[PDB]
Amino acid sequence: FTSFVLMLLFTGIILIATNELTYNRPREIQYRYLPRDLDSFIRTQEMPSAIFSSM
Amino acid sequence: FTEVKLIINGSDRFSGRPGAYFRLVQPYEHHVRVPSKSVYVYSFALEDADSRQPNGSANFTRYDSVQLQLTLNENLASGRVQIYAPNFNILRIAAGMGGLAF
Amino acid sequence: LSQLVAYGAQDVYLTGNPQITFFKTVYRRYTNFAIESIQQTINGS
Amino acid sequence: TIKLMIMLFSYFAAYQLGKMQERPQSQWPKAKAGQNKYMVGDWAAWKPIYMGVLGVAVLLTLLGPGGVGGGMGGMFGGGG
Amino acid sequence: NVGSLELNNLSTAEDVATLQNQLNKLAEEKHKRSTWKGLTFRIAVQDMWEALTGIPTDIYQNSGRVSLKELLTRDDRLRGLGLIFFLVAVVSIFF
Amino acid sequence: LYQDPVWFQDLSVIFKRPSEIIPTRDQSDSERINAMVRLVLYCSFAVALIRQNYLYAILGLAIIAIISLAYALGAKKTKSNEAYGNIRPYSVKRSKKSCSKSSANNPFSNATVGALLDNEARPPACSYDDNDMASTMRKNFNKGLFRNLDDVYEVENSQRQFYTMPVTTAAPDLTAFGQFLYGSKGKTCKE
């Protein structure tokens, strides 16, 4: 009787250790500097055309 | 004053002494200058004029009753006895906030 | 106006800064708008 | 005793028609006519809480990019 | 040619910092990958630390008034219940 | 503005505070799932105690997981439980009334032109204190705005002028207003 639940937990905890890898799901995006000429062009321009963007 | 005595919680802090002691001797011993004018003082600390370092203090926050007895001369006009008592506090400054702690 | 700003590839990779000859003006392409003038109602003598 | 114990719960499960719960919406306050009760905050007491609140506001401002400027300059940092 | 604005980096960053934005977010990527790699199947000895973090904090989670199941178990705690494997191995050795 | 009592779903630890509810009645779907959880837990634990094999509790927990997972995944998003006007025929059971939560583009959900954008029929922006939307509103207002750090009860950057308009839908819902002033009184004397 006791050995049954002991083996049940024995396999179940290995199953849990396998399961746990799925939890963390972060997004990866990198940052890079503008080209110098393009940066100067963007800084110089006076009107923005489209108003705003959130991404 | 011909005689001065401080009483703390009903008891003598010091034996009463002649006014001359308080005018001439006390500041000689405890302060920078003797006033030469009839100013009477008494210290609870040794040797100072602030001196940028405590040299003792009396914590009157624990004195439930303080009285001082003056034996006055017989040629005084009615009027004021202005009593001052310079003391210590803690200035506390943190995270943009000031104030003085009791 | 105070939010951090960055460009995507479409505004960097697929473009660039053209060199402009003093004497060749390149005019900016712009939004479509029109101007009208109307009278407002005044409340009060 | 399996058949019986399950039915005991079944009989009780049916019966408790109704649903007790925590008070909904908003809690409410009572106002003395102005005699006989202690104010919620000491009037001298109220100003300090003002002052206490500031501790938090200032701490937030120790990181400029994380919030609102202070009384001079600015400061930088970040987390991890 | 167009202005696109990123609102936050999991913590609102006002448009004042210039390189702090790159440093912070690079640290964010490094932390995310470190957690991912130390949180996947490949672990060497970190199971002991995860178990020792799991038990007291799992118990304390109910010492708050509530604690969401998405947080009582998934807050780096799921393999933290890996000590049950150790204990069942011990008792199976006994029993 | 329409208000409902408080409930919660089987997550956290609510399944013990209002304990000893087993089967559903006049309860929200989350509350009904909670009651089913209570039924299964008590039944399986009692069965395990009667027959000490230590596995009926395991099966009870497994079927708890099955029921909770089914409720979590199989929910149908096609809900339009919006109350306004004279009729609310979609459902008469306990449910959470729809709210138009504050957004970055519309911090106060004033429905200036957001109604014509995508919603067409926009649920009312519910009360200032209903679901902690006061904190979200303050956070959205203080997005990209710098304070002088001389006001910890911030009024300096003009909070007061901004507010939620009395109506936040395309229509003022005049029927509800009229029913407020003029009760139906059901069957009257003239009838």
# chains A, B, ... in the order shown; residues from 1 in each chain; ligands from 1
call {"tool": "residues_around", "arguments": {"residues": "residue C:31", "least_positions_apart": "5", "cutoff": "12 Å", "atoms": "only C-alpha atoms", "output": "PDB file with C-alpha atoms, in the first residue's frame"}}
result
ATOM      1  CA  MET A  47       8.355  66.594 -39.380  1.00  0.00           C
ATOM      2  CA  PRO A  48       7.582  63.105 -38.043  1.00  0.00           C
ATOM      3  CA  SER A  49       4.959  61.992 -40.612  1.00  0.00           C
ATOM      4  CA  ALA A  50       3.267  59.280 -38.554  1.00  0.00           C
ATOM      5  CA  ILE A  51       2.495  60.569 -35.075  1.00  0.00           C
TER       6      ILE A  51
END
call {"tool": "residues_around", "arguments": {"residues": "residue E:40", "least_positions_apart": "6", "cutoff": "8 Å", "atoms": "only C-alpha atoms", "output": "list in words"}}
result
residues 20, 21 and 22 of chain A
call {"tool": "atom_distance", "arguments": {"atom1": "atom CA of residue B:77", "atom2": "atom CA of residue B:24"}}
result
22.6 Å
call {"tool": "closest_atom_pairs", "arguments": {"of": "chain B", "to": "chain F", "cutoff": "12 Å", "atoms": "only C-alpha atoms", "output": "tab-separated table"}}
result
residue	atom	partner	partner_atom	distance
B:95	CA	F:149	CA	11.6
B:96	CA	F:149	CA	9.9
B:97	CA	F:150	CA	11.3
call {"tool": "interface_residues", "arguments": {"of": "chain E", "to": "chain A", "cutoff": "7 Å", "atoms": "only C-alpha atoms", "output": "PyMOL selection string"}}
result
chain E and resi 1-7+22+29+32+36+39-41+74+78-79+82+84-85+88
call {"tool": "write_last_selection", "arguments": {"atoms": "N, CA, C and O atoms", "output": "mmCIF file, in the first residue's frame"}}
result
data_model
loop_
_atom_site.group_PDB
_atom_site.id
_atom_site.type_symbol
_atom_site.label_atom_id
_atom_site.label_comp_id
_atom_site.auth_asym_id
_atom_site.auth_seq_id
_atom_site.Cartn_x
_atom_site.Cartn_y
_atom_site.Cartn_z
ATOM 1 N N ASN E 1 12.961 56.620 -40.592
ATOM 2 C CA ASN E 1 12.057 57.616 -41.150
ATOM 3 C C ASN E 1 10.820 57.773 -40.275
ATOM 4 O O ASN E 1 10.011 58.675 -40.487
ATOM 5 N N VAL E 2 10.639 56.852 -39.341
ATOM 6 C CA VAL E 2 9.441 56.846 -38.521
ATOM 7 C C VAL E 2 9.820 56.702 -37.062
ATOM 8 O O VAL E 2 10.838 56.093 -36.734
ATOM 9 N N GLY E 3 9.000 57.261 -36.184
ATOM 10 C CA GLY E 3 9.280 57.159 -34.771
ATOM 11 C C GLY E 3 8.466 56.051 -34.143
ATOM 12 O O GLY E 3 7.236 56.102 -34.101
ATOM 13 N N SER E 4 9.174 55.048 -33.641
ATOM 14 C CA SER E 4 8.566 53.980 -32.866
ATOM 15 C C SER E 4 9.055 54.059 -31.427
ATOM 16 O O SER E 4 10.257 54.174 -31.175
ATOM 17 N N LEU E 5 8.131 54.002 -30.475
ATOM 18 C CA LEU E 5 8.502 54.148 -29.072
ATOM 19 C C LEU E 5 8.239 52.890 -28.251
ATOM 20 O O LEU E 5 7.140 52.336 -28.274
ATOM 21 N N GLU E 6 9.259 52.452 -27.519
ATOM 22 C CA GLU E 6 9.118 51.335 -26.597
ATOM 23 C C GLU E 6 8.801 51.915 -25.219
ATOM 24 O O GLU E 6 9.595 52.665 -24.652
ATOM 25 N N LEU E 7 7.631 51.565 -24.694
ATOM 26 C CA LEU E 7 7.127 52.135 -23.444
ATOM 27 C C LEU E 7 7.949 51.817 -22.194
ATOM 28 O O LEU E 7 8.144 52.675 -21.333
ATOM 29 N N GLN E 22 20.405 50.423 -22.949
ATOM 30 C CA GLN E 22 21.101 49.280 -23.527
ATOM 31 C C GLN E 22 21.707 48.398 -22.445
ATOM 32 O O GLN E 22 21.593 47.169 -22.506
ATOM 33 N N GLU E 29 18.462 40.457 -20.796
ATOM 34 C CA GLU E 29 18.630 39.294 -21.661
ATOM 35 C C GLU E 29 19.558 38.268 -21.023
ATOM 36 O O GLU E 29 19.297 37.058 -21.081
ATOM 37 N N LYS E 32 17.652 36.508 -18.288
ATOM 38 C CA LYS E 32 16.644 35.608 -18.835
ATOM 39 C C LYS E 32 17.281 34.320 -19.339
ATOM 40 O O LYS E 32 16.791 33.222 -19.057
ATOM 41 N N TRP E 36 16.884 30.580 -17.879
ATOM 42 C CA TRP E 36 16.431 29.524 -18.777
ATOM 43 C C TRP E 36 17.369 28.323 -18.740
ATOM 44 O O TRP E 36 16.924 27.177 -18.610
ATOM 45 N N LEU E 39 17.359 26.548 -15.503
ATOM 46 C CA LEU E 39 16.000 26.137 -15.184
ATOM 47 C C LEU E 39 15.511 25.030 -16.115
ATOM 48 O O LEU E 39 14.382 24.554 -15.975
ATOM 49 N N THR E 40 16.344 24.601 -17.057
ATOM 50 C CA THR E 40 15.980 23.539 -17.983
ATOM 51 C C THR E 40 16.378 22.188 -17.389
ATOM 52 O O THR E 40 16.686 22.070 -16.199
ATOM 53 N N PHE E 41 16.348 21.142 -18.216
ATOM 54 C CA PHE E 41 16.686 19.803 -17.743
ATOM 55 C C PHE E 41 18.120 19.733 -17.233
ATOM 56 O O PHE E 41 18.393 19.075 -16.223
ATOM 57 N N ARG E 74 4.784 27.788 -9.726
ATOM 58 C CA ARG E 74 5.530 28.105 -10.936
ATOM 59 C C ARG E 74 6.588 29.184 -10.737
ATOM 60 O O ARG E 74 7.269 29.543 -11.702
ATOM 61 N N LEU E 78 8.664 24.570 -9.145
ATOM 62 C CA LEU E 78 8.099 23.298 -9.579
ATOM 63 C C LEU E 78 9.122 22.175 -9.442
ATOM 64 O O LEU E 78 8.827 21.120 -8.870
ATOM 65 N N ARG E 79 10.342 22.388 -9.944
ATOM 66 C CA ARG E 79 11.402 21.422 -9.679
ATOM 67 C C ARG E 79 11.880 21.518 -8.237
ATOM 68 O O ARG E 79 12.490 20.575 -7.719
ATOM 69 N N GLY E 82 11.360 18.752 -6.371
ATOM 70 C CA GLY E 82 12.149 17.596 -6.757
ATOM 71 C C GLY E 82 12.743 16.833 -5.595
ATOM 72 O O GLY E 82 13.223 15.713 -5.793
ATOM 73 N N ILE E 84 11.066 15.507 -3.336
ATOM 74 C CA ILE E 84 10.219 14.349 -3.093
ATOM 75 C C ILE E 84 10.811 13.122 -3.771
ATOM 76 O O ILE E 84 10.688 12.001 -3.272
ATOM 77 N N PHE E 85 11.490 13.320 -4.904
ATOM 78 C CA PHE E 85 12.231 12.230 -5.531
ATOM 79 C C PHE E 85 13.297 11.685 -4.586
ATOM 80 O O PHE E 85 13.438 10.467 -4.421
ATOM 81 N N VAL E 88 11.488 9.779 -1.645
ATOM 82 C CA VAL E 88 10.929 8.494 -2.049
ATOM 83 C C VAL E 88 12.044 7.502 -2.345
ATOM 84 O O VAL E 88 11.908 6.307 -2.067
#
call {"tool": "residues_around", "arguments": {"residues": "stretch 38-48 of chain B", "least_positions_apart": "5", "cutoff": "12 Å", "atoms": "only C-alpha atoms", "output": "PyMOL selection string"}}
result
chain B and resi 1-6+13-14+16-33+53-60+68+70+81-87
call {"tool": "closest_residue", "arguments": {"among": "E:66, E:27, E:10, E:51", "to": "chain D", "atoms": "only C-alpha atoms"}}
result
E:27
call {"tool": "select_by_dssp", "arguments": {"residues": "chain B", "states": "helix (DSSP H, G or I)", "output": "PyMOL selection string"}}
result
chain B and resi 19-30+60-62
call {"tool": "write_last_selection", "arguments": {"atoms": "N, CA and C atoms", "output": "compact mmCIF listing (two decimals), in the first residue's frame"}}
result
# COMPACT_ATOMS: atom_id res chain seq x y z
N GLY B 19 25.11 85.02 45.57
CA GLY B 19 24.92 85.49 44.21
C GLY B 19 26.26 85.80 43.53
N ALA B 20 27.23 86.28 44.29
CA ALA B 20 28.54 86.60 43.74
C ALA B 20 29.18 85.37 43.10
N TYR B 21 28.93 84.19 43.65
CA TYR B 21 29.50 82.98 43.08
C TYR B 21 29.00 82.82 41.67
N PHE B 22 27.69 82.96 41.54
CA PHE B 22 27.04 82.76 40.25
C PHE B 22 27.38 83.86 39.24
N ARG B 23 27.65 85.08 39.72
CA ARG B 23 28.03 86.16 38.81
C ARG B 23 29.48 86.13 38.38
N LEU B 24 30.38 85.85 39.30
CA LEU B 24 31.79 85.94 38.97
C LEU B 24 32.52 84.62 38.81
N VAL B 25 32.23 83.65 39.66
CA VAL B 25 33.04 82.45 39.69
C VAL B 25 32.62 81.45 38.68
N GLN B 26 31.34 81.16 38.68
CA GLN B 26 30.88 80.15 37.79
C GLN B 26 31.36 80.35 36.35
N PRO B 27 31.18 81.51 35.68
CA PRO B 27 31.65 81.70 34.33
C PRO B 27 33.16 81.71 34.21
N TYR B 28 33.88 82.06 35.26
CA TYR B 28 35.32 82.02 35.21
C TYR B 28 35.76 80.60 34.96
N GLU B 29 35.18 79.74 35.77
CA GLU B 29 35.46 78.33 35.71
C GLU B 29 34.89 77.65 34.47
N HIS B 30 33.65 77.99 34.08
CA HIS B 30 33.03 77.27 32.98
C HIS B 30 32.84 77.92 31.63
N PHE B 60 16.69 67.41 31.83
CA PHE B 60 15.49 67.93 32.53
C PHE B 60 14.21 67.22 32.08
N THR B 61 14.26 66.37 31.03
CA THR B 61 13.04 65.71 30.61
C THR B 61 12.56 64.78 31.71
N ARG B 62 13.45 64.50 32.67
CA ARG B 62 13.08 63.57 33.77
C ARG B 62 12.83 64.37 35.06
call {"tool": "interface_residues", "arguments": {"of": "chain F", "to": "chain C", "cutoff": "12 Å", "atoms": "only C-alpha atoms", "output": "ChimeraX atom specification"}}
result
/F:142-146
call {"tool": "write_last_selection", "arguments": {"atoms": "N, CA, C and O atoms", "output": "compact mmCIF listing (two decimals), in the first residue's frame"}}
result
# COMPACT_ATOMS: atom_id res chain seq x y z
N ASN F 142 0.35 59.17 -15.29
CA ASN F 142 1.76 59.46 -15.01
C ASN F 142 2.67 58.59 -15.88
O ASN F 142 3.56 57.90 -15.41
N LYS F 143 2.41 58.65 -17.19
CA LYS F 143 3.24 57.96 -18.18
C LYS F 143 3.91 59.02 -19.03
O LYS F 143 3.26 59.70 -19.83
N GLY F 144 5.22 59.17 -18.87
CA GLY F 144 5.96 60.17 -19.59
C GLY F 144 5.87 61.57 -19.03
O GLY F 144 6.27 62.52 -19.71
N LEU F 145 5.34 61.73 -17.82
CA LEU F 145 5.16 63.04 -17.21
C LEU F 145 6.05 63.15 -15.98
O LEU F 145 6.06 62.25 -15.13
N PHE F 146 6.79 64.25 -15.89
CA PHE F 146 7.71 64.47 -14.78
C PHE F 146 7.08 65.35 -13.72
O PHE F 146 6.42 66.35 -14.02
call {"tool": "interface_residues", "arguments": {"of": "chain D", "to": "chain E", "cutoff": "9 Å", "atoms": "only C-alpha atoms", "output": "ChimeraX atom specification"}}
result
/D:64-68,76-80
call {"tool": "residues_around", "arguments": {"residues": "residue E:72", "least_positions_apart": "2", "cutoff": "9 Å", "atoms": "only C-alpha atoms", "output": "VMD selection string"}}
result
(chain E and resid 57 to 58 61 to 62 67 to 70 74 to 75 77 to 78) or (chain F and resid 12)
call {"tool": "interface_residues", "arguments": {"of": "chain F", "to": "chain E", "cutoff": "12 Å", "atoms": "only C-alpha atoms", "output": "ChimeraX atom specification"}}
result
/F:8-17,65,68,104,139-140,142-146
call {"tool": "closest_atom_pairs", "arguments": {"of": "chain C", "to": "chain E", "cutoff": "12 Å", "atoms": "only C-alpha atoms", "output": "tab-separated table"}}
result
residue	atom	partner	partner_atom	distance
C:1	CA	E:15	CA	8.0
C:2	CA	E:15	CA	4.6
C:3	CA	E:15	CA	4.3
C:4	CA	E:15	CA	4.3
C:5	CA	E:5	CA	4.5
C:6	CA	E:4	CA	5.8
C:7	CA	E:4	CA	5.9
C:8	CA	E:4	CA	7.7
C:9	CA	E:1	CA	10.6
C:10	CA	E:1	CA	8.8
C:11	CA	E:1	CA	5.4
C:12	CA	E:1	CA	8.0
C:13	CA	E:1	CA	11.1
C:14	CA	E:1	CA	10.5
C:15	CA	E:1	CA	8.4
C:16	CA	E:1	CA	9.1
C:17	CA	E:1	CA	10.0
call {"tool": "interface_residues", "arguments": {"of": "chain D", "to": "chain B", "cutoff": "10 Å", "atoms": "only C-alpha atoms", "output": "list in words"}}
result
residues 51, 52, 54, 55, 56, 57, 58, 59, 61, 62, 70 and 71 of chain D
call {"tool": "residues_around", "arguments": {"residues": "stretch 112-115 of chain F", "least_positions_apart": "3", "cutoff": "12 Å", "atoms": "only C-alpha atoms", "output": "MDAnalysis selection string"}}
result
chainID F and resid 100 102:109 118:125 164:165 167:171
call {"tool": "write_last_selection", "arguments": {"atoms": "C-alpha atoms", "output": "CSV table (one decimal), in the first residue's frame"}}
result
chain,number,residue,atom,x,y,z
F,100,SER,CA,-14.1,49.0,-20.4
F,102,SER,CA,-8.5,52.1,-18.8
F,103,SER,CA,-6.0,52.0,-21.7
F,104,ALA,CA,-2.9,53.8,-22.7
F,105,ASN,CA,-4.5,55.7,-25.5
F,106,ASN,CA,-7.6,56.5,-23.4
F,107,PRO,CA,-6.5,56.8,-19.7
F,108,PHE,CA,-9.9,57.7,-18.4
F,109,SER,CA,-12.1,55.7,-20.8
F,118,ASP,CA,-13.4,49.4,-33.0
F,119,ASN,CA,-16.0,48.7,-30.3
F,120,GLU,CA,-19.1,50.2,-31.9
F,121,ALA,CA,-20.9,49.1,-28.7
F,122,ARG,CA,-18.6,50.1,-25.9
F,123,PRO,CA,-19.3,48.8,-22.3
F,124,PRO,CA,-19.5,51.5,-19.7
F,125,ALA,CA,-16.4,52.5,-17.8
F,164,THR,CA,-14.4,60.3,-16.2
F,165,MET,CA,-17.4,61.8,-17.9
F,167,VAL,CA,-21.6,58.6,-19.6
F,168,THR,CA,-18.9,56.4,-21.3
F,169,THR,CA,-21.1,54.8,-24.0
F,170,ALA,CA,-22.3,55.9,-27.4
F,171,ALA,CA,-25.7,56.6,-25.9
call {"tool": "residues_around", "arguments": {"residues": "residue F:159", "least_positions_apart": "4", "cutoff": "10 Å", "atoms": "only C-alpha atoms", "output": "list in words"}}
result
residues 138, 141, 142, 154, 155 and 163 of chain F
call {"tool": "write_last_selection", "arguments": {"atoms": "C-alpha atoms", "output": "short mmCIF file (atom, residue, chain, number, x, y, z; two decimals), in the first residue's frame"}}
result
data_model
loop_
_atom_site.label_atom_id
_atom_site.label_comp_id
_atom_site.auth_asym_id
_atom_site.auth_seq_id
_atom_site.Cartn_x
_atom_site.Cartn_y
_atom_site.Cartn_z
CA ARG F 138 -2.96 57.07 -12.01
CA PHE F 141 -1.80 59.43 -16.40
CA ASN F 142 1.76 59.46 -15.01
CA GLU F 154 -0.11 65.15 -6.64
CA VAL F 155 -2.37 67.99 -7.75
CA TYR F 163 -11.98 62.91 -14.92
#
call {"tool": "closest_atom_pairs", "arguments": {"of": "chain D", "to": "chain F", "cutoff": "8 Å", "atoms": "only C-alpha atoms", "output": "tab-separated table"}}
result
residue	atom	partner	partner_atom	distance
D:1	CA	F:50	CA	6.8
D:2	CA	F:47	CA	6.2
D:5	CA	F:46	CA	7.2
D:6	CA	F:43	CA	6.1
D:9	CA	F:43	CA	7.3
D:12	CA	F:22	CA	7.9
D:13	CA	F:22	CA	4.7
D:14	CA	F:23	CA	6.4
D:16	CA	F:21	CA	7.0
D:17	CA	F:25	CA	6.8
D:18	CA	F:25	CA	7.1
D:19	CA	F:27	CA	7.4
D:20	CA	F:18	CA	7.1
D:21	CA	F:18	CA	7.0
D:22	CA	F:6	CA	6.8
D:23	CA	F:6	CA	7.4
D:24	CA	F:5	CA	4.7
D:25	CA	F:5	CA	6.8
D:26	CA	F:129	CA	8.0
D:50	CA	F:152	CA	7.6
D:53	CA	F:152	CA	7.0
D:54	CA	F:152	CA	6.3
D:57	CA	F:152	CA	6.9
D:58	CA	F:149	CA	7.7
D:67	CA	F:146	CA	7.2
D:68	CA	F:146	CA	4.9
D:69	CA	F:148	CA	6.3
D:70	CA	F:149	CA	5.8
D:71	CA	F:149	CA	7.2
call {"tool": "write_last_selection", "arguments": {"atoms": "C-alpha atoms", "output": "tab-separated table (two decimals), in the first residue's frame"}}
result
chain	number	residue	atom	x	y	z
D	1	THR	CA	-18.82	2.79	5.04
D	2	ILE	CA	-18.04	4.31	1.53
D	5	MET	CA	-20.05	8.60	3.86
D	6	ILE	CA	-20.36	9.84	0.31
D	9	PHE	CA	-21.82	14.69	1.99
D	12	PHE	CA	-25.40	18.09	3.08
D	13	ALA	CA	-24.23	19.29	-0.33
D	14	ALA	CA	-27.82	19.60	-1.55
D	16	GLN	CA	-26.91	24.32	2.02
D	17	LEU	CA	-28.85	26.41	-0.43
D	18	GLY	CA	-27.35	29.87	-0.32
D	19	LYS	CA	-23.87	31.38	-0.52
D	20	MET	CA	-22.24	33.36	2.34
D	21	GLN	CA	-19.47	35.92	1.19
D	22	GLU	CA	-17.15	38.87	2.10
D	23	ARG	CA	-18.77	42.30	2.09
D	24	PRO	CA	-18.93	43.60	-1.49
D	25	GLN	CA	-18.37	47.05	-2.95
D	26	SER	CA	-17.06	49.55	-0.43
D	50	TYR	CA	2.21	63.39	4.84
D	53	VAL	CA	4.54	59.31	2.40
D	54	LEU	CA	7.43	61.41	1.14
D	57	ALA	CA	8.18	59.22	-3.15
D	58	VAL	CA	11.83	60.25	-2.74
D	67	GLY	CA	10.28	58.14	-12.41
D	68	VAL	CA	10.21	61.85	-11.55
D	69	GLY	CA	13.04	64.35	-11.13
D	70	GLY	CA	14.27	65.64	-7.79
D	71	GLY	CA	15.42	69.08	-6.65
call {"tool": "closest_atom_pairs", "arguments": {"of": "chain F", "to": "chain A", "cutoff": "12 Å", "atoms": "only C-alpha atoms", "output": "CSV"}}
result
residue,atom,partner,partner_atom,distance
F:51,CA,A:1,CA,10.9
F:52,CA,A:1,CA,8.4
F:53,CA,A:1,CA,5.7
F:54,CA,A:5,CA,6.7
F:55,CA,A:5,CA,6.7
F:56,CA,A:5,CA,10.5
F:57,CA,A:5,CA,10.5
F:58,CA,A:5,CA,8.8
F:59,CA,A:5,CA,11.5
F:104,CA,A:54,CA,9.9
F:105,CA,A:54,CA,10.3
call {"tool": "residues_around", "arguments": {"residues": "stretch 173-181 of chain F", "least_positions_apart": "4", "cutoff": "10 Å", "atoms": "only C-alpha atoms", "output": "ChimeraX atom specification"}}
result
/F:84-87,167,169,185
call {"tool": "atom_distance", "arguments": {"atom1": "atom CA of residue F:82", "atom2": "atom CA of residue F:29"}}
result
16.9 Å
